[PDB]
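Protein sequence lines correspond, in order, to chains B and A.
The authors' numbering applies: residue 0 is where the first sequence begins, and numbers increase by one.
The authors' numbering applies: residue 0 is where the second sequence begins, and numbers increase by one.
I have placed the structure first, in the form of C-alpha cells, so that the comments after it can refer back to it.
Number of protein chains: 2
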Amino acid sequence: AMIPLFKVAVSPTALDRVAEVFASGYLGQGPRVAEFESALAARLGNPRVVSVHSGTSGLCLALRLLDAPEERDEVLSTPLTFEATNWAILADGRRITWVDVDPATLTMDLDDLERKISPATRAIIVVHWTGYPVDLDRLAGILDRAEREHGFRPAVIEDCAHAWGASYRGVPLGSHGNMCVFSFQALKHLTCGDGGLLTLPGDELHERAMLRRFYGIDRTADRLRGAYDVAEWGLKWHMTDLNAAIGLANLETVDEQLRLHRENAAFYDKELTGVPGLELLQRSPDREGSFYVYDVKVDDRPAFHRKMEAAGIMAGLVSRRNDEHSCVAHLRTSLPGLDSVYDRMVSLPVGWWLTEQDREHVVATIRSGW
Amino acid sequence: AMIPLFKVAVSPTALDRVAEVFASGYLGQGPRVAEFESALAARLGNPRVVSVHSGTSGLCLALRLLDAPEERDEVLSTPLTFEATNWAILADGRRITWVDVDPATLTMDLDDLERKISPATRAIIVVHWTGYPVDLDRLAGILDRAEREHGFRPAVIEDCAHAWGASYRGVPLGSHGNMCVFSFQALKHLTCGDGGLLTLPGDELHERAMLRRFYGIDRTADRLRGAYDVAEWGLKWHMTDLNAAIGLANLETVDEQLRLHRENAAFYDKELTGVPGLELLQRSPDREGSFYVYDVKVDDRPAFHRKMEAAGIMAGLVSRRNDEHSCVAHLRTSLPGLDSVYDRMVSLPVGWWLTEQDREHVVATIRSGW
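This is the structure:
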C-alpha cells in the first residue's frame with residue numbers, strides 16, 4: 000500500500016452536481032460559476048474574485064492586467080516552483096530574473112529580491128511554496144523603498160496554488176493588497192478538476208479581469224447584434240459551470256481536509272525533531288500554512304529515498320528547479336541559497352488521506368535510520 | 000419558445016462516462032484522452048492529433064510551434080471570425096494584417112491574401128467560416144509563389160472550429176498539409192464541454208506539440224526525482240480525462256447531427272430561392288461544409304431582424320467583425336469586400352434541433368416578407 004505524496008479529493012457529491020449541469024443544458028460560464036464565486040468570496044472576505052480556467056490561466060491574466068511600458072521587461076521570480084509560475088512570464092513576453100531561495104523557509108529570499116529590483120522590474124511573482132506564506136509585510140516594505148528609489152512600485156502577484164485556506168498575520172491570503180492566484184487543479188486542496196481563482200485588490204482590476212478572462216467580451220452584451228466592443232483583448236481564461244459544479248461539491252469538506260493536513264504537519268513537527276541527518280523547516284507562528292506537502296532537509300538523500308521507496312512512501316520533489324531547464328539556459332545566474340538546499344530537500348506525504356497508521360509508519364521508518 | 004441559432008449537443012451517455020472518470024480517481028490527462036485521440040485519429044485519417052483545452056489553446060499552441068524570425072511579425076487573418084482567432088495572434092506577440100472577405104462566400108478573399116503577403120509575413124490563419132471550407136489548393140499555390148519570391152514559405156493554420164466533419168476535394172479537413180485546429184466548445188458540433196484538437200502535417204511538429212501542450216514536460220518522466228528537461232516552454236494547453244470522457248460520449252451521434260445540419264441547409268437552398276431582398280450564398284460542389292449556421296444576405300436587415308424576433312427565430316451575427324474593436328483601432332484597413340456585405344449578412348438556425356415544423360416556419364416567415 001503506497002502512501003502517495005498527492006491525492007485527488009473529489010466528493011461523492013460531485014456526480015450529482017455535474018448531473019445538474021448536464022440536465023440544465025448549459026455547460027458554459029453561467030449560474031454555477033456565479034454560485035461558486037459567491038461562496039469563495041464569502042470564505043475569502045474579498046468580494047473581488049474572478050474564476051478562471053486554471054491557476055496557470057490566472058497567472059497569465061494577472062500579468063496581462065499590468066500597465067507598465069514594454070521597456071519594463073523584467074519579472075522577478077524564484078525557480079523553486081512549479082513550471083507554470085515561470086512559463087507564464089515567458090508567455091507574457093517578459094524576461095525572468097531569478098531570485099534566490101531562503102534555505103530556512105524554501106520560499107523567495109527577500110534580501111535577494113530587494114537587491115535585484117531594478118528600473119526594468121515590471122512585476123514580482125511570489126510563491127507561497129508548499130503552502131507556507133511569504134512574509135508579505137516585509138515584501139510591502141521592500142516595495143515602499145523601491146518606489147521611493149525608482150519612482151514606481153512593481154506589481155506583486157501571489158501564486159497561491161499550494162495555499163488554499165492559508166493566512167498571514169490574521170488575514171486570509173487574497174486580502175493583503177496584491178493580486179492572488181489560487182489553483183483548483185485535481186491535486187490541490189480544493190479541486191474543480193481544473194480551475195483557479197484570481198483575486199483583485201481594487202475595482203478597476205476586478206472589472207478588467209472579468210472582461211479579459213473571456214476575450215474582453217462583455218457577456219451581458221447583445222452579441223447577436225454585434226453590440227459590444229473589446230477594449231482590451233483576452234483569451235479563453237474563464238471557468239465554466241461544469242468545473243464550478245465540481246468545486247461547489249468539494250467545498251463541503253475542504254475545511255476538514257485542511258485541518259487534517261495541519262494536524263499531520265503538527266504530528267511530524269513533534270515526532271521528527273531530534274533525528275540525526277534530518278532538519279525541519281522552522282515556520283513562523285504569525286501565519287498559518289496549508290501544507291500541500293511537508294518538507295524536510297536530509298543528509299544522504301539517496302539513501303533516504305531508497306528507504307522511503309522500500310517502505311512504500313512516496314517522497315521527493317514537486318518539480319525540478321526551473322532554472323536548470325534548457326529552454327532558459329540563457330537566464331542562468333548564481334543562486335547559492337537554493338544550491339545549499341536543493342540536494343537535501345525532500346517532500347513528504349502530509350495530506351488528509353494519511354491514516355494515523357500511515358503517518359506513524361512514515362515517522363517510524365524515518366526514525367529507524369537510512 | 001424561440002428557435003435558437005446555437006444549441007448544446009450533450010449525450011445522455013455523458014454522465015455515465017463522467018462517472019467512470021470520477022470512480023477511477025484520475026481526473027488528469029490519462030487513458031480517456033488517449034482513447035479520444037485514437038478515435039478522432041481514425042475518423043480524421045490523420046494519426047498526428049493532439050487534444051487541447053480549447054480551440055483557442057490549439058491556436059495559441061500552433062502559433063508557438065512556428066519557426067520564423069521576430070522580424071517576420073505579421074500574421075494575415077480576416078476579421079470575419081470569432082475573436083479567438085485574432086486574439087490568439089495578439090497574445091502570441093504578433094501584428095495582425097487584415098485580409099478582406101469574398102462577398103460570394105464570406106470566407107477570406109484569396110486575391111487580397113496574395114496581394115498582402117510581404118517580407119514580414121509570418122503565417123496565415125484561414126477560417127472555414129460557418130463550416131464552409133476555404134479553397135485550400137488555391138491557397139497552396141499562392142504559397143508556392145510566395146516561397147519562390149521570398150525563400151520562406153509562410154505557415155498556414157486552419158481554424159476549423161465551425162467545420163467538424165467537413166471535407167475539401169475528397170479529403171477530410173486535417174489532411175491537406177496544414178496545421179488544423181478543431182473546437183469542441185459546448186455549442187460546436189462535437190463537444191467535450193470545452194476542448195479542441197490540433198492536427199499536425201508532420202512528425203516533428205507532432206512531437207513538439209505533445210510536449211508543449213503541457214509546459215514542455217514529458218509526462219512519462221520521473222518528475223519526483225526532477226529527471227526531466229523542458230527544451231521549449233508551454234502552458235496548460237492540454238485536455239484532461241473529464242472532458243475527453245464527454246467527447247467520447249458525444250462521438251456516438253455527431254454524424255447523425257451533421258447529417259441533419261446538411262439536410263436543413265439543403266432545404267433552405269431549395270426553399271429560399273426567388274425571395275425579394277434575400278441573396279443566398281453559392282457553395283462549390285467540390286467540398287462538403289458543416290453548416291454551423293446558415294448564412295444569407297438581406298436588404299433592410301433591421302426590418303428583417305424585427306421579423307425574425309417576432310416569429311421567435313434567433314437570427315444575427317456570430318460575432319462583431321473583429322477589426323472594429325477598439326483594442327485593434329491601430330490596425331484598421333480598408334476592406335471594401337467585407338463592407339459590401341457586413342450590413343446585409345444574417346445567420347439562420349440550421350442545426351439538428353430543428354424539427355421539420357421549425358424549418359418550415361423559418362422559410363414561411365422569410366417568404367412572407369419584411
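Where a beta carbon is used, it is the ideal one built from N, C-alpha and C, also for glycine.
For B/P301, the three-state secondary structure derived from DSSP is helix. No Cβ of chain B is located within less than 8 Å of the beta carbon of A/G311. By the Cβ rule, the segment 167-174 of chain B counts as touching the segment 36-53 of chain B, because three or more pairs are nearer than 8 Å.
The Cβ atoms of A/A160 and A/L65 lie no closer than 8 Å to each other. Interface residue (Cβ-Cβ distance to chain A less than 8 Å): B/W232 is classified as such. Within the same chain, and ignoring the five residues on either side of B/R286 in sequence, the residues whose Cβ sits closer than 7 Å to its Cβ are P132, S166, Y167, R168. Note that the segment 344-362 of chain B touches the segment 255-275 of chain B; at least 3 beta-carbon pairs, one per stretch, sit closer than 8 Å. About 19 Å separates the CB atoms of A/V317 and A/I95; that is not less than 8 Å, and the two are not in contact. Put simply, the CB of A/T219 is far from chain B, with every gap to its CB atoms at 8 Å or more.
The beta carbon of B/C59 is closer than 8 Å to those of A87, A90, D91, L234, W236 in its chain, skipping five residues each way along the sequence. For the segment 39-72 of chain B, the set of residues with a beta-carbon nearer than 9 Å to any beta-carbon of chain A comprises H52, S53, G54, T55, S56, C59, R63, in chain order. For a cut-off of 8 Å, the C-beta gap from A/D101 to A/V125 is around 12 Å, too long to register as a contact. Linking A/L210 to A/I312 through their CA atoms gives a straight-line distance of about 45 Å. Looking at the DSSP output, B/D202 bridges to nothing.
The Cβ atoms of B/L189 and B/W163 sit closer than 8 Å to each other. The alpha-carbon of A/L142 is positioned some 47 Å away from that of B/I116. DSSP links B/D294 through a beta bridge to B/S346. Residue contact with chain A for B/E19: absent (no Cβ-Cβ distance below 8 Å to any residue of chain A). Against B/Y227, the close residues of chain A are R319, in the order they occur along the chain (beta-carbon pairs closer than 8 Å). None of the residues of the segment 271-304 of chain B has a beta carbon lying less than 7 Å from any beta carbon of chain A.
Per DSSP, A/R31 lies in no beta strand (DSSP E) segment; the continuous alpha helix (DSSP H) that holds it begins and ends at 30-43.
Bridge partners of A/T120 according to DSSP: A/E73. Put simply, of B/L186, B/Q356, B/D108 the residue whose alpha carbon is nearest the alpha carbon of B/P78 is B/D108. B/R224 reaches chain A at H304, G315, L316, counting residues in chain order whose Cβ is nearer than 8 Å.
From the beta-carbon of B/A13, the residues of chain A found nearer than 8 Å are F21. Sequence-distant partners of A/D221 (beyond 5 residues in either direction) whose C-beta falls short of 8 Å from its own C-beta, in its chain, are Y227.
Exclusion of the five residues before and after A/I123 leaves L75, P153, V155 as the residues of its chain whose Cβ lies within less than 6 Å of its Cβ. Collapsing the DSSP output to three states places B/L197 in a strand. The residue among A/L14, A/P200, A/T104, A/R305 with its C-alpha nearest the C-alpha of A/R282 is A/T104. Using beta-carbon distances, B/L112 does not count as an interface residue toward chain A, since no partner is under 8 Å. CA-to-CA, the gap between B/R343 and B/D299 works out to about 8 Å.
Here the alpha carbons of B/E69 and B/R121 stand approximately 9 Å from one another. Around B/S117, no beta-carbon contact reaches into chain A at under 7 Å, the shortest distance being about 23 Å.
Excluding residues up to 5 positions away in sequence, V20, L26 lie with their Cβ nearer than 6 Å to the Cβ of B/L241 in the same chain. The three-state secondary structure of B/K269, taken from DSSP, is helix.
Collapsing the DSSP output to three states places B/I156 in a strand.
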